[PDB]
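Survey of secondary and tertiary structure
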Protein chains: 2
Amino acid sequence: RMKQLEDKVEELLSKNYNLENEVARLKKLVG
Amino acid sequence: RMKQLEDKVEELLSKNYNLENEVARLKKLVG
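First, a word on scope: everything that follows refers to the structure included in this document. (Residues numbered from 1 in each chain as written, not as in the entry; some residues may be left out. Chains lettered and ligands numbered in written order. Heavy atoms only, no water.)

**Considering the relation of the copies chain B and chain A**
How we decide: The fitting set for superposing the copies is their C-alpha atoms, and the method is least squares. Pairs of residues are marked as contacts when any of their non-hydrogen atoms sit within 4.5 Å.
At an RMSD of 0.0 Å, chain B and chain A line up after a rotation of 180° and a shift of 0.0 Å along the axis. Those values place the two copies in the arrangement expected of a two-fold rotation axis. Of the residues that chain B buries at the interface, 100% are likewise interface residues in chain A, meaning the two copies contact each other through the same surface.

Given below as C-alpha cells:
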C-alpha cells in the first residue's frame, strides 16, 4: 500500500501534466 | 508517511479538478 499510494501520486501527476499541456494549447489558441 | 502520501494524492486530485474546470471553460469559449 505504500507502493499503491506512490503509484497513484505518479499517475495523478502525469494526468495533471497532460491537463497543463492542454490548457497551454487552448490558451495559445485564444491568446 | 502513509498520511503524507495520502495528502499528496488528495492535493493532486484537487489540482486536476481545477485544471479540468479550466479546460472546460476554455473549450466553452472555443466551441
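**Topic: the interface of chain B and chain A**
To keep it simple, the criterion reads: Reported buried area values correspond to the accessible surface (1.4 Å probe) lost by two parts on association, with both partners' losses combined. Salt bridges are defined by distance alone: a side-chain nitrogen of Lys or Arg within 4 Å of a carboxyl oxygen of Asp or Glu. In protein, a polar contact requires one atom able to donate a hydrogen and another able to accept it; more generally it is a pair of N or O atoms within 3.5 Å, and residues adjacent in sequence count only if both atoms are side-chain atoms.
Facing 18 residues of chain B, the contacting portion of chain A comprises 18 residues. Carbon and sulfur atoms make up 82% of the area that chain B and chain A hide from each other, which totals about 1700 Å². Linking chain B to chain A there are two salt bridges. Of the charged contacts, one joins B:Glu6 and A:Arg1 as a salt bridge, the two residues approaching to 3.5 Å between their closest N and O atoms. Remark: the boundary between chain B and chain A carries three residue pairs in polar contact.

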